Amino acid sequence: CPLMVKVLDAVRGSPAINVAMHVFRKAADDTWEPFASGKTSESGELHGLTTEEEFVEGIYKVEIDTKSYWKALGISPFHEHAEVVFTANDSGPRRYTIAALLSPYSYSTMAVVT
């Protein structure tokens, strides 16, 4: 699994469940093309977005819909979404774990590359 996302809720001390995820890849024309999407599981994780074969060199954007997550909890948050944009596999295939820690007015994102 070359691309995995983990999302945590810092208000509740728990995984962030059912958070929607959309991944885009920058295309030849320099526009964002849809690449994969999904929802986090009860452990706050999303896997199975892609395969090594399809996950070629390129610039990827992971958009996490944090706004809907907080609104469903009764909270009106600051950000519309959290975005993570990065170049992948430009020196050969790698495995990427993207983690996000959410609070209503702040978020942190971390990448582990192996």
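Note that residue numbering begins at 1 and tracks the sequence as displayed.
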Quiz item: Taking the recorded C-alpha temperature factors, which stretch has the higher mean, 31 to 39 or 56 to 64?
Solution: 31 to 39
Exercise. Using only the Cα atoms and their B-factors as the entry lists them, report which of 78 to 86 and 40 to 48 averages higher.
Key: 40 to 48
Quiz prompt | Residue selected from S106, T97, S91, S14 by maximal Cα B factor | solution = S91
Practice problem: Identify, among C1, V5, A111, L8, the residue whose C-alpha carries the highest B-factor in the deposited PDB entry. | Solution: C1
